[PDB]
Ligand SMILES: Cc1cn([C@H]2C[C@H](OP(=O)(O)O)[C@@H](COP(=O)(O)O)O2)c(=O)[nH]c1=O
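In the block that follows, a single chain appears as C-alpha cells, in the form solved without this ligand.
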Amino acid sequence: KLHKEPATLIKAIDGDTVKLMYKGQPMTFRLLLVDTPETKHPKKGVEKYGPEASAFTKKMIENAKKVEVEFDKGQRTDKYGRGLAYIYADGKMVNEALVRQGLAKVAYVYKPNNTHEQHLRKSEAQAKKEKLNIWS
C-alpha cells in the first residue's frame, strides 16, 4: 500500500522534474512513468510542447494548497539522485494530469515501479482519442 507524504514546492525545473522540500531536505524529483517534451533536453534543446508541459506542471503545483509525494514499491531514487514519485496537487496526480492533457506520453515502464501504469495508459488513450496537443 503506497502512502502519500507531504512536501513543499521549491522550484519547478521542467515538465517532468520538480525541486521539493521533503522531510526537511531540498530534493529533485522526477515524475514517475511520464515523458514530457523537454525544455532542458540534453541533446535536442527546446522541443514542441516543452514550454507548455513545463508551464502546466509549474502552475498546477504552484497553485496547490497541498502537495504530496507518493513513492512506488521499488527504488525511490534514480542514478542521478532524483526521487522517483507520483506527485499530487490538492489530491490530483500531476503525472496523470499531464498525460490526460496530451502533454506527456507514458514512459517505458520498469517494474516494480509501475503501480499506476494502467491508469496512466488509459488516460493517454483518451488524450490520443481526443487528439490533444502532442497527439494533434
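In case it trips you up, residue 1 is the first one in the sequence shown, and so on.
FYI, the form deposited with this ligand bound isn't displayed, but the following is about it.
- Backbone and C-beta atoms of the displayed form are kept clear of this ligand by more than 2.4 Å after its pose in the deposited bound form is superimposed, which defines the site as open.
- In the deposited bound form, at least one heavy atom of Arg82 sits within 4.5 Å of this ligand.
- At least one heavy atom of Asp35 is located within 4.5 Å of this ligand in the deposited bound form.
- At least one heavy atom of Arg30 is located within 4.5 Å of this ligand in the deposited bound form.
- Residue contact with this ligand in the deposited bound form: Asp78 places a heavy atom within 4.5 Å of it.
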